Number of protein chains: 8
Amino acid sequence: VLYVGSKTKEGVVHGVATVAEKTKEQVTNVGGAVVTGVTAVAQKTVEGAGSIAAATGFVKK
Amino acid sequence: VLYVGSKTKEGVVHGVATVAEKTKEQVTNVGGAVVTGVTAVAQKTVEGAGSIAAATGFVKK
Amino acid sequence: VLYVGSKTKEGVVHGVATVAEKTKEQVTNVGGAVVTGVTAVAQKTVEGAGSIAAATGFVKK
Amino acid sequence: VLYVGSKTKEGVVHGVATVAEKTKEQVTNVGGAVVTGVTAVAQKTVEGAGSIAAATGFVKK
Amino acid sequence: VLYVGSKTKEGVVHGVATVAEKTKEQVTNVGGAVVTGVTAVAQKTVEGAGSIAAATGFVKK
Amino acid sequence: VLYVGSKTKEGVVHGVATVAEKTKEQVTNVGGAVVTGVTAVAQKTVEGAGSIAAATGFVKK
Amino acid sequence: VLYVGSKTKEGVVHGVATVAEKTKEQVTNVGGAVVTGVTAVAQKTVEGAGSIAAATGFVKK
Amino acid sequence: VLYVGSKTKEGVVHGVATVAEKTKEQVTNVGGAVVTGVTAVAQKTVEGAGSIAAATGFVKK
Ligand SMILES: Cc1ccc2c(c1)sc(-c1ccc(N(C)C)cc1)[n+]2C
Ligand SMILES: Cc1ccc2c(c1)sc(-c1ccc(N(C)C)cc1)[n+]2C
Ligand SMILES: Cc1ccc2c(c1)sc(-c1ccc(N(C)C)cc1)[n+]2C
Ligand SMILES: Cc1ccc2c(c1)sc(-c1ccc(N(C)C)cc1)[n+]2C
Ligand SMILES: Cc1ccc2c(c1)sc(-c1ccc(N(C)C)cc1)[n+]2C
Ligand SMILES: Cc1ccc2c(c1)sc(-c1ccc(N(C)C)cc1)[n+]2C
Ligand SMILES: Cc1ccc2c(c1)sc(-c1ccc(N(C)C)cc1)[n+]2C
Ligand SMILES: Cc1ccc2c(c1)sc(-c1ccc(N(C)C)cc1)[n+]2C
């Protein structure tokens, strides 16, 4: 009955340095799912599913 | 009955430096799903599904 | 009845330095799922499934 | 009834330096699931399944 | 007699990302010389002295 | 008599990522010379002295 | 008489990632010379002295 | 008479990752010379003295 939060962190990203030097980056997709290059991502979910970088081929029900 | 939040963080991104030097970046998609290049993203969901970089091939019900 | 959080961390990423030098990066997908290059990702889920870099081939029910 | 958290850490990644020099990185997927290159990832799940880098071939029910 | 320069670089700085988070930065100088915080500086000198971040206490001739 | 330069580099800095988190940075100088924090600096000198981060106490001739 | 330079490098710095987390950084100088924190520095000198991070106490001639 | 340089390197630094976590860094100088923290430095000198991190107490001629 006396919750006291103070300077708390939940789902936090900080202090990120990235260098990426590429000559050729190619993605070829035929009927599927491709996720590429996810950087410095943060989230908080309450009462639900939390997905960040999810690829599902297909759902053929 | 006495929740006291103070300087709390939930789903936070800060301090991000990114350099990307590419000569050729190509994406070719035929009937699928492609997600590429997600940087410095933050969210908070209450009572729901929270997705950031999600690719689903297809839903053929 | 007297929860007192103070400077706590849950699902936190900080202080990350990355260099990536490639000449050719290629992804070829035919009806599947490919996830590539997930860096500096943090999340917190309450009452749900938490996935970060998940690839599912397909769901043929 | 008197939980007192102080400077605690749960699912935390910090102080990570990575260099990756490649001439050719290729992924070829035909109807499966491929996950590649997951770095500096942290999460905390309460009352749910927590997966980071999971690849499932397919679910044919 | 046939100098042919092509895409040459001399005194060049490029692709620099910097983050600096400080709570207190102080400089106290009494009769001296202080240089602080020189970032991403480039020069080319022909037939002369080239100095970038030089501090000389004093010249009492 | 047929100098042919092509894509040459002399005094070059590139691809630099820096993070600096400090609580207190102090410099106290009394009659001297202090140089601090020189990052990503490049120069080319022809027929002269080339100094980057030089501190001389004093010159009492 | 047929110098042919091609993709040559002289005094070059590239691909540098640095993280520095300090609580207290102090410099106290009384009549001397202090150099601190020189990162990712490159130079080329022709027909002269080349110094990068040089500290001289004093020159009392 | 037919010098042919090709993809040569002279005084080159590349691919450097550094993390430094300190609680207290102090320098106290009284009439001397202190050099501290030189990282990822490259130079090329022709017909001259090349010094990188040199500290001289004093020159009392
Ligand atoms: C910081 C924080 C976050 C959530 C949170 C609390 C504190 S306390 C609490 C709670 C949940 C269920 C019940 N009952 C049904 C008896 C009573 C309290 N929640 C859900
Ligand atoms: C900061 C914060 C946010 C939400 C929050 C609390 C604190 S505490 C609380 C709560 C949830 C359910 C119930 N019952 C059904 C007994 C009673 C209280 N919520 C929903
Ligand atoms: C920081 C924090 C977050 C959540 C949290 C607590 C502390 S304590 C608590 C709780 C859960 C279930 C029940 N009952 C059903 C007896 C009573 C209390 N929750 C849910
Ligand atoms: C830090 C922290 C996190 C969770 C947490 C506590 C403290 S204390 C607690 C709890 C769980 C169940 C019950 N009952 C049903 C008697 C009472 C308390 N939880 C769930
Ligand atoms: C790219 C470039 C820049 C300058 C440069 C050359 C090429 S070639 C040259 C030269 C210097 C001195 C003399 N003599 C006194 C015989 C003859 C030529 N300079 C001065
Ligand atoms: C790329 C480059 C840079 C400088 C440079 C050359 C090529 S070639 C040259 C030279 C210097 C002296 C003389 N004499 C006095 C015979 C003739 C040529 N310099 C000075
Ligand atoms: C790339 C490069 C840069 C400079 C350079 C050469 C090649 S070749 C050369 C030279 C120096 C001295 C003399 N004489 C006095 C006979 C003749 C040639 N320089 C000065
Ligand atoms: C790559 C490179 C760099 C320097 C360089 C050469 C090639 S070739 C050369 C040279 C020096 C002296 C003389 N004489 C006085 C006969 C002739 C040539 N240098 C000085």
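Residues numbered from 1 in each chain as written, not as in the entry; some residues may be left out. Chains lettered and ligands numbered in written order. Heavy atoms only, no water.

Structure determination for this PDB entry was carried out by cryo-EM, with a resolution of 2.9 Å recorded in the header.

Participant: Just to check I follow, could you spell out the overall build of chain A for this structure?
Facilitator: Along the backbone of chain A there are zero helices and three strands. Overall, chain A shows an N-to-C arrangement of helices and strands of β-β-β. Its C-alpha atoms put chain A at 55 × 40 × 5 Å along the principal axes. Here chain A, with 61 residues, has 74% of them falling under the buried criterion. Of the charged side chains in chain A, 7 are positive and 4 negative, and the gap between their average positions amounts to 5 Å. (Helix = DSSP H or I, 4+ residues; strand = E, 2+ residues; numbered from the N terminus. Buried < 20%, exposed > 50% of the residue type's maximum accessible area, 1.4 Å probe, protein only. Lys, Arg positive; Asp, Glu negative; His and termini not counted. Charge placed at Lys NZ, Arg CZ, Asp CG, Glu CD.)

Participant: Teacher, can you tell me more about unusual backbone geometry here?
Facilitator: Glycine aside, the phi torsion of most residues is negative, and most peptide linkages are trans. Residue and element names in this part refer to chain A. Although it is not a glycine, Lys 7 sits at a positive phi angle of roughly 60°. Inspection of the secondary structure assignment puts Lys 7 in the segment before β1 (9-30). Residues other than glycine seldom take positive phi values, yet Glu 47 does so here, at roughly 60°. By the secondary structure assignment, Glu 47 is in the loop between β2 (33-46) and β3 (50-56).

Participant: Would you take a moment to explain the interface of chain A and chain B for this structure?
Facilitator: Interface size is commonly expressed as the accessible surface area that is lost when the partners come together. Counting from both sides, the interface comprises 61 residues of chain A and, opposite them, 61 residues of chain B. Of the roughly 4,500 Å² buried between chain A and chain B, counting both surfaces, carbon and sulfur atoms make up 47%. Inspection of the chain A/chain B interface yields two salt bridges. Ionic pairing is found between B:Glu10 and A:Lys44, a salt bridge with its closest N-O pair at 3.1 Å. There are 66 residue pairs in polar contact connecting chain A and chain B. Elements with a minimum of two residues in the side of chain A that touches chain B: β1, β2 and β3 of chain A. The class makeup of the residues in the side of chain A that touches chain B is 27 nonpolar, 23 polar and 11 charged. Bridge count between β1(A) and strand β1 (residues 9-30) of chain B: 19 bridges; the pairing is parallel. (Contact = heavy atoms within 4.5 Å. Buried area = accessible area lost by both parts, 1.4 Å probe. Salt bridge = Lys/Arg side-chain N within 4 Å of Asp/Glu carboxyl O. Polar contact = N/O pair within 3.5 Å; in protein donor to acceptor, adjacent residues only side chain to side chain. Nonpolar A, V, L, I, M, F, W, Y, C, P; charged D, E, K, R; others polar. Pairing = 2+ DSSP bridges.)

Participant: Just to check I follow, could you spell out a positive patch on the surface for this structure?
Facilitator: A surface patch of like charges, here positive, comprises A:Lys7, B:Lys7, C:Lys7 and D:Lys7. Its relative accessible area of 40% is what places C:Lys7 among the partly exposed residues. (Patch = residues over 30% accessible without salt bridge, like charges linked within 9 Å, V, L, I, M, F, W, Y side chains within 5 Å. Areas by Shrake-Rupley, 256 points an atom, 1.4 Å probe, with all protein chains shown as cover.)

Participant: How should the interface of chain D and chain C be read in this particular structure?
Facilitator: Every contact between the two is made by 61 residues of chain D and, on the other side, 61 residues of chain C. Of the roughly 4,500 Å² buried between chain D and chain C on both sides combined, carbon and sulfur atoms contribute 47%. Scanning the region where chain D abuts chain C turns up two salt bridges. Connecting chain D to chain C are 66 residue pairs in polar contact. At the level of secondary structure, the elements contributing two or more residues to the side of chain D that touches chain C comprise β1 (9-30), β2 (33-46) and β3 (50-56) of chain D. With 22 residues, the top contributor of residues to the side of chain D that touches chain C is β1(D). A breakdown of the residues in the side of chain D that touches chain C according to their chemical character gives 27 nonpolar, 23 polar and 11 charged.

Participant: Looking at this model, I keep getting lost on the pattern of salt bridges. Mind explaining?
Facilitator: One side chain can pair with another of opposite charge once the charged atoms of both are near each other. According to the stated counting rule, one finds 28 salt bridges over all chains in the structure shown. Overlapping salt bridges, with partners in common, bring together A:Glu10, A:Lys44, B:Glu10, B:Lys44, C:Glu10, C:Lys44, D:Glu10 and D:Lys44 in one network.

Participant: Would you mind showing me how to read the pairing of strand β1 (residues 9-30) of chain G here?
Facilitator: Along any regular strand, the residues point their side chains to alternate faces of the sheet. β1(G) sits mainly inside the fold: 18 of its 22 residues count as buried. Bridge analysis of strand β1 (residues 9-30) of chain F against β1(G) gives 18 bridges, and the strand direction is parallel. Bridge assignment links F:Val16 to a residue of β1(G), and that residue is G:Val16.

Participant: Whenever I open this one, the sheet that holds strand β2 (residues 33-46) of chain F confuses me. Can you help?
Facilitator: Strand pairing in a sheet relies on backbone hydrogen bonds. The paired strands run either parallel or antiparallel. If you trace the four strands from one edge of the open sheet to the other, you get β2(E)-β2(F)-β2(G)-β2(H), paired in parallel fashion. Both outer strands of the open sheet, β2 (33-46) of chain E together with β2 (33-46) of chain H, are each paired with one neighbouring strand and no more. The mean inter-strand angle of the sheet, taken between neighbouring strand axes irrespective of direction, is 0°. Summarising the sheet, strand β2 (residues 33-46) of chain G and β2(H) pair through 12 bridges and their orientation is parallel. Following the sheet pairing, G:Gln43 is matched in β2(H) by H:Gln43. (Axes fitted to C-alpha atoms, helices over the stretch in contact; angles between N-to-C directions.)

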